[PDB]
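Below is one structure, written out as structure tokens; comments come after it.
What follows is calculated from the coordinates using simple rules that are stated; it is not laboratory data. Counting neighbours? That spans all protein chains shown, and the Cβs are built from the backbone with ideal geometry, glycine included.
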Amino acid sequence: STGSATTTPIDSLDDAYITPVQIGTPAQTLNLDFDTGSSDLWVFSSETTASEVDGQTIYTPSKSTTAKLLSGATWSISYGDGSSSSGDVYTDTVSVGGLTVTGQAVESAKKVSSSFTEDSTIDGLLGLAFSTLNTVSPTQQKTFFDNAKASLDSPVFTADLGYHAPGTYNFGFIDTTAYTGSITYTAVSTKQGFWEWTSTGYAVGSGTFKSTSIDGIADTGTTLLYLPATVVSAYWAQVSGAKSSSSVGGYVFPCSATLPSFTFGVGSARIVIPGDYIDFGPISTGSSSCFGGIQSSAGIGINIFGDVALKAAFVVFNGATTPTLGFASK
């Protein structure tokens with residue numbers, strides 16, 4: 001089997017991407033944030049505290065003939081941005097782009113933090129990291145990809161995120177028309193439950209490439225590119241007037257600037273992030289100070305290849321017995 005679904009930016013900055021997902025019988029379609037940095041599929045629901053729901057589409061398990069309470073199971077998650085959610089669990093039929101999993105754990109939110117309430121466009125998350133990170137207790141549950149894996153033509157999914165445009169998540173096959181050149185594959189460590197890999201270095205603009213190992217995760221659920229402070233400083237030094245602002249919470253730059261590209265290494269191959277991808281616009285409406293798309297990972301504890309990086313590539317998440325990651329230009 002295979003599946004193929006379009007993923008759409010939630011706003012003009014590509015702050016995140018939503019992908020339609022069918023849950024239950026008859027289908028209830030919710031727009032979920034596919035997140036290769038976590039492993040829970042959770043939704044706004046008929047059980048979510050009413051004051052915490054504001055415009056989202058909810059899953060109502062009582063209206064699904066295939067929904068079954070997973071008795072005794074609860075979940076609770078916190079993300080890197082300080083947001084959180086928790087609730088109980090149903091199993092139900094879940095389909096993405098024509099690919100159907102029966103008995104998928106659908107984690108129903110009873111509580112969500114304000115960040116989620118405030119974002120009307122995201123109805124929940126669909127985790128695509130390794131199932132070892134799944135928070136369901138007392139019986140840990142499998143991700144959608146984990147459940148689908150054995151049935152897939154090939155045990156892979158791909159992320160093809162657009163810049164200010166829709167893109168595609170495919171399951172079970174590699175679309176050879178979707179990228180240029182060849183795909184370069186690189187080793188993955190699953191020891192922390194992430195799609196963790198080592199970049200071979202970087203360049204700033206037309207500068208010379210610096211060979212240096214940068215361990216990080218491929219995370220579709222993080223907006224920006226978070227790299228070591230040395231690397232980030234080297235980038236922003238090439239932008240007149242750019243500075244790290246403690247009050248704003250990162251590097252800002254004059255909105256009148258032209259940003260240089262940023263290149264990262266995948267083995268001997270190179271992925272170029274155009275300068276425009278690194279512009280996240282005025283820090284506040286009408287401001288001439290713009291927020292940067294490359295930020296320091298210091299104090300996160302891990303480097304994160306988020307959407308800024310990933311949308312510059314066609315990315316293969318290879319879930320073979322020994323997982324790997326592939327990157328191609330496009």
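Note that the stretch 317-327 has calculated 3J(HN,Hα) couplings of 9, 8, x, 4, 3, 9, x, 9, 10, x, 10 Hz, one per residue in order, obtained from phi through the Karplus relation 6.51 cos²θ - 1.76 cosθ + 1.60 (θ = phi - 60°); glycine and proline are x.
Here, the chain is characterised by an Rg to Rh ratio of 0.97, where Rg is the alpha-carbon radius of gyration and Rh the Kirkwood radius.
In the stretch 273-330, inverting the average of 1/r over every pair of distinct C-alpha atoms gives 13.8 Å as the Kirkwood radius. For the pair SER245 and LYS210, what calculated FRET efficiency results from E = 1/(1 + (r/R0)^6), where r is the Cβ-Cβ distance and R0 = 25 Å, to the nearest 0.05? For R0 = 25 Å, the calculated efficiency reads 0.45. Its relative contact order, with pairs defined as Cα atoms under 8 Å and 6+ residues apart, puts the chain at 19 percent.
Ignoring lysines fewer than eight residues from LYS110 along the same chain, the ones with Cα atoms less than 22 angstrom from its Cα are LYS63, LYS68, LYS142.
Taking amide H as placed 1.01 Å from N in the peptide plane, the amide H of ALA16 sits under 5 Å from that of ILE10, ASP11, each at least 5 places away or on another chain.
Spacing of the modelled spin labels on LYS110 and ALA50, each 7 Å from Cα toward Cβ, amounts to 1.8 nm. Net charge of the neighbourhood of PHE171, taken over other residues with C-beta under 10 Å away and scored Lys/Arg +1, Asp/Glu -1, is 0. Between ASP15 and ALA187, the simple spin-label model (points 7 angstrom out along Cα→Cβ) gives 3.9 nm. Peptides 253-261, 199-207 ranked from most to least packed by the mean count of surrounding Cβ atoms within 10 Å: 199-207, 253-261. Under a 5 Å amide H cut-off, with hydrogens placed 1.01 Å from N, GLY201 pairs with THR212, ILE214, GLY265 among residues at least 5 apart or on other chains.
In the distance distribution for the stretch 175-330, Cα-Cα pairs more than 29 Å apart total 17 percent. Using a Gaussian network model of the chain in which every pair of alpha carbons under 10 angstrom is joined by a spring, one finds that among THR74, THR180, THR91 the greatest mean-square fluctuation is at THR180.
Taking K and R as +1 and D and E as -1, what net charge do the other residues with C-beta under 13 Å from the C-beta of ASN134 add up to? Every neighbour counted, the sum reads -3. When both bridge partners sit in the stretch 208-306, DSSP labels roughly 70% of those beta bridges antiparallel.
With 26 Å as the limit, the listed pairs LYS149/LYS311; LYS111/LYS311; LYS111/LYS191 have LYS111/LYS311; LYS111/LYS191 beyond it between alpha carbons.
Does the stretch 5-174 come out rounded, prolate or oblate by the C-alpha gyration tensor, with a ≥ b ≥ c the root eigenvalues, rounded set by a/c under 1.5 and, if not, prolate when a/b is larger than b/c and oblate if not? The shape class here is rounded. On full extension, the segment bounded by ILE302 and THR176 gains 42.2 nm, given 0.36 nm per residue less the C-alpha separation.
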